[PDB]
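*Asks:* Dropping the structure in here first, questions after.
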Amino acid sequence: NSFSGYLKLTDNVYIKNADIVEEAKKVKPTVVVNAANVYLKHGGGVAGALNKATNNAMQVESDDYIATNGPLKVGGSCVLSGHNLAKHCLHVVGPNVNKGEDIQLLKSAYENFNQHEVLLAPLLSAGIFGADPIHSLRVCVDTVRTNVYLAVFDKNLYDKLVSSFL
Ligand SMILES: O=C(O)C1=C(c2ccc3ncccc3c2)CCC1
């Protein structure tokens, strides 16, 4: 958890313009959050990038978790190995509002972060899930009570989030 170069937005939310894969490889945090789907199929976005950085070890483990436990619920999570990226990966399912899933479940999704004192994470439901990323940061700030270090890849999005916040 030796994070560096973050800007503190609130007592417990920090942000950096960084690639979450590179941050995980540098810091090897106790927990890295994945922006997952209910079947843990890590096909694109942050999920595809974290799985690729494990050379598909994350996907093989996830398929076994699903065969034994069934799919997650939207707003839910599971804890699996972080492989080379972290001690643990917290796979969290935010709603895909582009498919009619309820935006209220974004609060439920962020509540899962409270089971861990420190996390490295992306914004949930941003990208292909369709939620406005600045709304997702507001829900994170209003819901997460533990220490969360948010990595945002895109510089234009990062500058917009920092300006809206501070
Ligand atoms: O943080 C961003 O800029 C966002 C996304 C993203 C998408 C793909 C990524 N592939 C590798 C590492 C980080 C990634 C991050 C999806 C929406 C917002």
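The way I read the labels, and the way they are meant: chains A, B, ... in the order of the structure tokens, residue 1 as the first residue of every chain, and ligand 1 as the first ligand shown, with later ones counted on from there.
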Write out as a VMD selection string which residues come within 8 Å of stretch 142-154 of chain A when counting only C-alpha atoms, dropping same-chain ones fewer than 2 positions away.

*Replies:* chain A and resid 6 12 to 20 23 107 110 to 111 113 to 114 116 to 123 138 to 140 156 to 158

*Asks:* Any chance you could export the current selection's N, CA, C and O atoms as a tab-separated table (two decimals), in the first residue's frame?

*Replies:*
```
chain	number	residue	atom	x	y	z
A	6	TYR	N	-0.96	10.81	-5.26
A	6	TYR	CA	-2.41	10.99	-5.20
A	6	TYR	C	-2.79	12.36	-4.64
A	6	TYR	O	-2.02	12.98	-3.87
A	12	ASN	N	-11.22	10.45	3.07
A	12	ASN	CA	-10.91	9.05	2.73
A	12	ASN	C	-10.84	8.71	1.24
A	12	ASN	O	-10.67	7.52	0.93
A	13	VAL	N	-11.05	9.69	0.34
A	13	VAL	CA	-10.98	9.43	-1.13
A	13	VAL	C	-9.79	10.17	-1.74
A	13	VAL	O	-9.63	11.36	-1.53
A	14	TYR	N	-8.92	9.42	-2.44
A	14	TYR	CA	-7.71	9.95	-3.09
A	14	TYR	C	-7.85	9.65	-4.59
A	14	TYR	O	-8.48	8.64	-4.98
A	15	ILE	N	-7.23	10.48	-5.43
A	15	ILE	CA	-7.32	10.26	-6.89
A	15	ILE	C	-5.97	10.49	-7.57
A	15	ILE	O	-5.17	11.35	-7.13
A	16	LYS	N	-5.72	9.73	-8.63
A	16	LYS	CA	-4.50	9.90	-9.44
A	16	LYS	C	-4.83	9.63	-10.88
A	16	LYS	O	-5.65	8.77	-11.18
A	17	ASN	N	-4.10	10.29	-11.80
A	17	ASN	CA	-4.22	10.06	-13.22
A	17	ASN	C	-3.17	8.99	-13.47
A	17	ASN	O	-1.97	9.28	-13.52
A	18	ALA	N	-3.61	7.75	-13.56
A	18	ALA	CA	-2.70	6.61	-13.70
A	18	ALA	C	-3.43	5.41	-14.29
A	18	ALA	O	-4.65	5.33	-14.22
A	19	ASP	N	-2.64	4.47	-14.83
A	19	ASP	CA	-3.16	3.20	-15.35
A	19	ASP	C	-3.23	2.30	-14.12
A	19	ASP	O	-2.20	2.03	-13.50
A	20	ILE	N	-4.44	1.78	-13.76
A	20	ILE	CA	-4.61	0.92	-12.58
A	20	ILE	C	-3.72	-0.32	-12.60
A	20	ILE	O	-3.33	-0.80	-11.52
A	23	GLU	N	-0.30	0.91	-11.48
A	23	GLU	CA	-0.33	1.20	-10.04
A	23	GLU	C	-0.30	-0.09	-9.25
A	23	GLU	O	0.41	-0.16	-8.26
A	107	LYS	N	-24.82	2.64	-5.53
A	107	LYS	CA	-24.52	2.76	-4.09
A	107	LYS	C	-24.24	1.36	-3.48
A	107	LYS	O	-23.25	1.19	-2.75
A	110	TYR	N	-20.68	0.24	-4.40
A	110	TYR	CA	-19.62	0.89	-3.61
A	110	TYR	C	-19.63	0.46	-2.14
A	110	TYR	O	-18.58	0.45	-1.52
A	111	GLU	N	-20.81	0.07	-1.60
A	111	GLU	CA	-20.82	-0.41	-0.19
A	111	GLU	C	-19.84	-1.59	0.04
A	111	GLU	O	-19.36	-1.80	1.17
A	113	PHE	N	-16.88	-1.86	-0.83
A	113	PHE	CA	-15.52	-1.39	-0.54
A	113	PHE	C	-15.29	-1.26	0.99
A	113	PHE	O	-14.15	-1.39	1.46
A	114	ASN	N	-16.37	-1.08	1.76
A	114	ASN	CA	-16.25	-0.85	3.20
A	114	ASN	C	-15.78	-2.04	4.02
A	114	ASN	O	-15.37	-1.87	5.17
A	116	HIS	N	-12.99	-3.47	3.45
A	116	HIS	CA	-11.54	-3.45	3.34
A	116	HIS	C	-11.06	-2.07	3.75
A	116	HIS	O	-11.63	-1.08	3.30
A	117	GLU	N	-10.02	-1.98	4.62
A	117	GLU	CA	-9.56	-0.66	5.08
A	117	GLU	C	-8.89	0.18	4.00
A	117	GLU	O	-8.97	1.42	4.05
A	118	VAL	N	-8.21	-0.47	3.03
A	118	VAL	CA	-7.51	0.30	1.98
A	118	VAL	C	-7.75	-0.43	0.65
A	118	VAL	O	-7.50	-1.62	0.57
A	119	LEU	N	-8.11	0.32	-0.41
A	119	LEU	CA	-8.30	-0.28	-1.73
A	119	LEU	C	-7.73	0.58	-2.81
A	119	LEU	O	-7.79	1.82	-2.74
A	120	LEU	N	-7.23	-0.08	-3.87
A	120	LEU	CA	-6.86	0.57	-5.13
A	120	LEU	C	-8.06	0.25	-6.05
A	120	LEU	O	-8.45	-0.92	-6.15
A	121	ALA	N	-8.67	1.26	-6.67
A	121	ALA	CA	-9.89	1.00	-7.44
A	121	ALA	C	-10.10	1.89	-8.64
A	121	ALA	O	-9.59	3.02	-8.68
A	122	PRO	N	-10.91	1.40	-9.59
A	122	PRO	CA	-11.40	2.25	-10.68
A	122	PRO	C	-12.79	2.85	-10.30
A	122	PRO	O	-13.45	2.36	-9.35
A	123	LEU	N	-13.29	3.81	-11.09
A	123	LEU	CA	-14.68	4.27	-10.88
A	123	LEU	C	-15.63	3.16	-11.38
A	123	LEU	O	-15.34	2.52	-12.39
A	138	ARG	N	-19.24	10.95	-7.26
A	138	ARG	CA	-20.09	11.46	-6.18
A	138	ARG	C	-20.63	10.32	-5.30
A	138	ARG	O	-20.61	10.40	-4.06
A	139	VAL	N	-21.09	9.21	-5.95
A	139	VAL	CA	-21.62	8.08	-5.16
A	139	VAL	C	-20.51	7.46	-4.33
A	139	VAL	O	-20.72	7.13	-3.18
A	140	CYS	N	-19.30	7.34	-4.89
A	140	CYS	CA	-18.15	6.82	-4.15
A	140	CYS	C	-17.90	7.68	-2.89
A	140	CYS	O	-17.81	7.15	-1.78
A	156	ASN	N	-8.10	13.64	-19.67
A	156	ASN	CA	-9.20	14.62	-19.80
A	156	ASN	C	-10.29	14.34	-18.77
A	156	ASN	O	-10.88	15.29	-18.22
A	157	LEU	N	-10.57	13.05	-18.53
A	157	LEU	CA	-11.59	12.71	-17.53
A	157	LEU	C	-11.09	13.07	-16.13
A	157	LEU	O	-11.85	13.66	-15.34
A	158	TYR	N	-9.83	12.73	-15.81
A	158	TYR	CA	-9.20	13.08	-14.54
A	158	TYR	C	-9.31	14.58	-14.24
A	158	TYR	O	-9.68	14.96	-13.12
```

*Asks:* From a DSSP pass on the backbone, collect the residues of stretch 57-151 of chain A flagged as helix (DSSP H, G or I) and hand them back as a PyMOL selection string.

*Replies:* chain A and resi 57-69+97-99+105-115+127-129+133-143

*Asks:* Please produce a file of the residues just selected, as a PDB file, in the first residue's frame, where the atoms kept are C-alpha atoms.

*Replies:*
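The new file out.pdb reads:
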```pdb
ATOM      1  CA  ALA A  57      -4.775 -16.576 -14.424  1.00  0.00           C
ATOM      2  CA  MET A  58      -7.605 -14.316 -13.165  1.00  0.00           C
ATOM      3  CA  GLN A  59     -10.056 -15.648 -15.808  1.00  0.00           C
ATOM      4  CA  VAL A  60      -9.273 -19.332 -15.119  1.00  0.00           C
ATOM      5  CA  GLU A  61      -9.771 -18.779 -11.355  1.00  0.00           C
ATOM      6  CA  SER A  62     -12.992 -16.757 -12.041  1.00  0.00           C
ATOM      7  CA  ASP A  63     -14.474 -19.532 -14.208  1.00  0.00           C
ATOM      8  CA  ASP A  64     -13.924 -22.007 -11.360  1.00  0.00           C
ATOM      9  CA  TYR A  65     -15.535 -19.591  -8.853  1.00  0.00           C
ATOM     10  CA  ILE A  66     -18.618 -19.320 -11.106  1.00  0.00           C
ATOM     11  CA  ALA A  67     -18.916 -23.058 -11.677  1.00  0.00           C
ATOM     12  CA  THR A  68     -18.920 -23.659  -7.877  1.00  0.00           C
ATOM     13  CA  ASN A  69     -20.881 -20.604  -6.642  1.00  0.00           C
ATOM     14  CA  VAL A  97     -27.450   1.405 -16.910  1.00  0.00           C
ATOM     15  CA  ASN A  98     -27.230   1.108 -20.732  1.00  0.00           C
ATOM     16  CA  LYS A  99     -29.092  -2.261 -20.253  1.00  0.00           C
ATOM     17  CA  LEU A 105     -27.433  -0.260  -7.350  1.00  0.00           C
ATOM     18  CA  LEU A 106     -24.289   1.876  -7.839  1.00  0.00           C
ATOM     19  CA  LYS A 107     -24.523   2.757  -4.093  1.00  0.00           C
ATOM     20  CA  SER A 108     -24.830  -1.003  -3.276  1.00  0.00           C
ATOM     21  CA  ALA A 109     -21.787  -1.708  -5.455  1.00  0.00           C
ATOM     22  CA  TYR A 110     -19.619   0.891  -3.606  1.00  0.00           C
ATOM     23  CA  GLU A 111     -20.816  -0.409  -0.193  1.00  0.00           C
ATOM     24  CA  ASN A 112     -18.674  -3.543  -0.863  1.00  0.00           C
ATOM     25  CA  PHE A 113     -15.521  -1.388  -0.536  1.00  0.00           C
ATOM     26  CA  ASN A 114     -16.249  -0.851   3.203  1.00  0.00           C
ATOM     27  CA  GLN A 115     -15.212  -4.418   4.086  1.00  0.00           C
ATOM     28  CA  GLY A 127     -17.052   3.178 -19.599  1.00  0.00           C
ATOM     29  CA  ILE A 128     -19.238   0.505 -21.243  1.00  0.00           C
ATOM     30  CA  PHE A 129     -21.533   0.291 -18.206  1.00  0.00           C
ATOM     31  CA  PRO A 133     -18.186   9.083 -14.324  1.00  0.00           C
ATOM     32  CA  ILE A 134     -18.623  12.301 -12.315  1.00  0.00           C
ATOM     33  CA  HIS A 135     -21.881  10.892 -10.841  1.00  0.00           C
ATOM     34  CA  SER A 136     -19.999   7.649 -10.047  1.00  0.00           C
ATOM     35  CA  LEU A 137     -17.307   9.655  -8.124  1.00  0.00           C
ATOM     36  CA  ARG A 138     -20.086  11.457  -6.176  1.00  0.00           C
ATOM     37  CA  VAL A 139     -21.621   8.081  -5.161  1.00  0.00           C
ATOM     38  CA  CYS A 140     -18.148   6.824  -4.145  1.00  0.00           C
ATOM     39  CA  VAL A 141     -17.589   9.909  -1.963  1.00  0.00           C
ATOM     40  CA  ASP A 142     -21.133   9.667  -0.408  1.00  0.00           C
ATOM     41  CA  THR A 143     -20.845   5.858   0.234  1.00  0.00           C
TER      42      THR A 143
END
```

*Asks:* Which one is closest to residue A:87: A:72, A:53, A:131, A:27? Count only C-alpha atoms.

*Replies:* A:27

*Asks:* Hey, which of A:74, A:21, A:35, A:162 ends up closest to ligand 1? Count only C-alpha atoms and all ligand atoms.

*Replies:*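 For ligand 1, the nearest of the given residues is A:21.
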
*Asks:* Skip residue A:24 itself and residues of its chain fewer than 5 positions away, then list as a PyMOL selection string all residues within 8 Å of it, counting only C-alpha atoms.

*Replies:* chain A and resi 29+32+85-86+120

*Asks:* Using N, CA and C atoms, can you write the selected residues to a file as a compact mmCIF listing (two decimals), in the first residue's frame?

*Replies:*
```
# COMPACT_ATOMS: atom_id res chain seq x y z
N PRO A 29 -0.87 -3.62 -3.71
CA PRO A 29 -1.75 -3.36 -2.58
C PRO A 29 -2.37 -4.60 -2.00
N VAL A 32 -7.02 -4.87 -4.84
CA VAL A 32 -7.32 -4.15 -6.07
C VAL A 32 -8.75 -4.48 -6.45
N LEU A 85 -0.87 -8.78 -8.97
CA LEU A 85 -1.29 -7.40 -8.86
C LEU A 85 -1.55 -6.93 -7.45
N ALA A 86 -1.93 -7.84 -6.57
CA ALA A 86 -2.36 -7.50 -5.22
C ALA A 86 -2.46 -8.75 -4.39
N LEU A 120 -7.23 -0.08 -3.87
CA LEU A 120 -6.86 0.57 -5.13
C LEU A 120 -8.06 0.25 -6.05
```

*Asks:* In Å, how far is it from atom CA of residue A:49 to atom CA of residue A:82?

*Replies:*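 Atom-to-atom, atom CA of residue A:49 to atom CA of residue A:82, that is 13.3 Å.
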
*Asks:* Among chain A, which ones does DSSP assign to strand (DSSP E) (computed from the backbone)? Answer as a VMD selection string.

*Replies:* chain A and resid 7 to 8 13 to 17 31 to 35 77 to 81 88 to 92 118 to 121 147 to 152

*Asks:* Generate the output file for the selected residues, N, CA and C atoms, as an mmCIF file, in the first residue's frame.

*Replies:*
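Final output, out-v9.cif:
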```cif
data_model
loop_
_atom_site.group_PDB
_atom_site.id
_atom_site.type_symbol
_atom_site.label_atom_id
_atom_site.label_comp_id
_atom_site.auth_asym_id
_atom_site.auth_seq_id
_atom_site.Cartn_x
_atom_site.Cartn_y
_atom_site.Cartn_z
ATOM 1 N N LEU A 7 -3.951 12.858 -5.060
ATOM 2 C CA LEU A 7 -4.510 14.109 -4.541
ATOM 3 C C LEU A 7 -5.665 13.716 -3.619
ATOM 4 N N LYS A 8 -5.685 14.254 -2.401
ATOM 5 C CA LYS A 8 -6.737 13.919 -1.443
ATOM 6 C C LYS A 8 -7.969 14.756 -1.708
ATOM 7 N N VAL A 13 -11.046 9.688 0.342
ATOM 8 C CA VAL A 13 -10.982 9.432 -1.126
ATOM 9 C C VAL A 13 -9.787 10.168 -1.736
ATOM 10 N N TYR A 14 -8.921 9.419 -2.444
ATOM 11 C CA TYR A 14 -7.712 9.949 -3.094
ATOM 12 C C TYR A 14 -7.848 9.654 -4.593
ATOM 13 N N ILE A 15 -7.232 10.480 -5.432
ATOM 14 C CA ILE A 15 -7.318 10.261 -6.885
ATOM 15 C C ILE A 15 -5.970 10.493 -7.565
ATOM 16 N N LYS A 16 -5.720 9.735 -8.635
ATOM 17 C CA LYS A 16 -4.496 9.899 -9.438
ATOM 18 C C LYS A 16 -4.830 9.634 -10.883
ATOM 19 N N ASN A 17 -4.096 10.292 -11.797
ATOM 20 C CA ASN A 17 -4.216 10.059 -13.225
ATOM 21 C C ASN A 17 -3.168 8.994 -13.470
ATOM 22 N N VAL A 31 -5.586 -4.890 -1.564
ATOM 23 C CA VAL A 31 -6.792 -5.120 -2.396
ATOM 24 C C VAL A 31 -6.814 -4.229 -3.634
ATOM 25 N N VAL A 32 -7.025 -4.870 -4.838
ATOM 26 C CA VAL A 32 -7.318 -4.155 -6.070
ATOM 27 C C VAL A 32 -8.751 -4.475 -6.446
ATOM 28 N N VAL A 33 -9.552 -3.433 -6.768
ATOM 29 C CA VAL A 33 -10.928 -3.659 -7.192
ATOM 30 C C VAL A 33 -11.011 -3.861 -8.700
ATOM 31 N N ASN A 34 -11.781 -4.885 -9.126
ATOM 32 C CA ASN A 34 -12.094 -5.059 -10.545
ATOM 33 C C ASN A 34 -13.532 -4.579 -10.836
ATOM 34 N N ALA A 35 -13.726 -3.883 -11.984
ATOM 35 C CA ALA A 35 -15.048 -3.445 -12.418
ATOM 36 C C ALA A 35 -15.590 -4.664 -13.212
ATOM 37 N N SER A 77 -20.367 -8.595 -4.825
ATOM 38 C CA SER A 77 -18.931 -8.790 -4.984
ATOM 39 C C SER A 77 -18.464 -10.165 -4.495
ATOM 40 N N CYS A 78 -17.220 -10.506 -4.840
ATOM 41 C CA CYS A 78 -16.517 -11.632 -4.262
ATOM 42 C C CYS A 78 -15.051 -11.286 -4.125
ATOM 43 N N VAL A 79 -14.363 -11.980 -3.216
ATOM 44 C CA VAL A 79 -12.925 -11.793 -3.047
ATOM 45 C C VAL A 79 -12.183 -12.991 -3.633
ATOM 46 N N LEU A 80 -11.335 -12.735 -4.609
ATOM 47 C CA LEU A 80 -10.494 -13.790 -5.197
ATOM 48 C C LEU A 80 -9.005 -13.357 -5.106
ATOM 49 N N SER A 81 -8.062 -14.207 -5.569
ATOM 50 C CA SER A 81 -6.653 -13.851 -5.530
ATOM 51 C C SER A 81 -6.371 -12.612 -6.366
ATOM 52 N N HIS A 88 -5.297 -9.530 -2.789
ATOM 53 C CA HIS A 88 -6.664 -9.921 -3.171
ATOM 54 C C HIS A 88 -7.218 -9.036 -4.282
ATOM 55 N N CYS A 89 -8.131 -9.606 -5.079
ATOM 56 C CA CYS A 89 -8.923 -8.835 -6.018
ATOM 57 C C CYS A 89 -10.371 -8.871 -5.530
ATOM 58 N N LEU A 90 -10.956 -7.676 -5.258
ATOM 59 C CA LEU A 90 -12.384 -7.551 -4.925
ATOM 60 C C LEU A 90 -13.139 -7.292 -6.237
ATOM 61 N N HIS A 91 -13.832 -8.341 -6.781
ATOM 62 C CA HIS A 91 -14.590 -8.188 -8.006
ATOM 63 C C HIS A 91 -15.934 -7.603 -7.677
ATOM 64 N N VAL A 92 -16.253 -6.395 -8.148
ATOM 65 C CA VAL A 92 -17.511 -5.686 -7.830
ATOM 66 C C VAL A 92 -18.324 -5.400 -9.056
ATOM 67 N N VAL A 118 -8.205 -0.471 3.033
ATOM 68 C CA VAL A 118 -7.506 0.298 1.985
ATOM 69 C C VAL A 118 -7.751 -0.426 0.653
ATOM 70 N N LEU A 119 -8.107 0.316 -0.410
ATOM 71 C CA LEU A 119 -8.296 -0.283 -1.726
ATOM 72 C C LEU A 119 -7.727 0.583 -2.810
ATOM 73 N N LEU A 120 -7.231 -0.080 -3.873
ATOM 74 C CA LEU A 120 -6.861 0.569 -5.132
ATOM 75 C C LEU A 120 -8.060 0.248 -6.050
ATOM 76 N N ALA A 121 -8.666 1.255 -6.674
ATOM 77 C CA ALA A 121 -9.892 0.999 -7.441
ATOM 78 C C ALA A 121 -10.098 1.893 -8.638
ATOM 79 N N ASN A 147 -10.476 3.759 3.159
ATOM 80 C CA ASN A 147 -9.583 4.564 2.329
ATOM 81 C C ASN A 147 -9.474 3.998 0.942
ATOM 82 N N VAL A 148 -9.922 4.804 -0.036
ATOM 83 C CA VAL A 148 -9.913 4.378 -1.447
ATOM 84 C C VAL A 148 -9.071 5.289 -2.318
ATOM 85 N N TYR A 149 -8.170 4.637 -3.071
ATOM 86 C CA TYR A 149 -7.213 5.263 -3.967
ATOM 87 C C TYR A 149 -7.701 4.972 -5.364
ATOM 88 N N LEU A 150 -8.265 5.996 -6.022
ATOM 89 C CA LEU A 150 -8.861 5.843 -7.342
ATOM 90 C C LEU A 150 -7.859 6.166 -8.417
ATOM 91 N N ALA A 151 -7.717 5.249 -9.353
ATOM 92 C CA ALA A 151 -6.860 5.465 -10.515
ATOM 93 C C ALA A 151 -7.755 5.753 -11.726
ATOM 94 N N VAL A 152 -7.493 6.854 -12.451
ATOM 95 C CA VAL A 152 -8.265 7.228 -13.634
ATOM 96 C C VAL A 152 -7.265 7.335 -14.789
#
```

*Asks:* By how many Å are atom 4 (C, counted along the ligand's line) of ligand 1 and atom CA of residue A:46 apart?

*Replies:*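 Calculated distance between atom 4 (C, counted along the ligand's line) of ligand 1 and atom CA of residue A:46 is 7.2 Å.
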
*Asks:* Using only C-alpha atoms and all ligand atoms, which residue out of A:155, A:41, A:160, A:73 lies closest to ligand 1?

*Replies:*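 For ligand 1, the nearest of the given residues is A:155.
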
*Asks:* Between A:93, A:50, A:161, A:40, which has the minimum distance to ligand 1 (counting only C-alpha atoms and all ligand atoms)?

*Replies:*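 Distance minimum relative to ligand 1 lands on A:50.
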
*Asks:* Return the single residue from A:47, A:103, A:166, A:36 that is closest to ligand 1, with distances computed using only C-alpha atoms and all ligand atoms.

*Replies:*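 For ligand 1, the nearest of the given residues is A:47.
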
*Asks:* So how far away is atom CA of residue A:44 from atom CA of residue A:9, in Å?

*Replies:*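 Those two atoms sit 28.3 Å apart.
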
*Asks:* Between A:4, A:101, A:130, A:39, which is the closest to residue A:70 once you count only C-alpha atoms?

*Replies:*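 Closest to residue A:70, using only C-alpha atoms: A:39.
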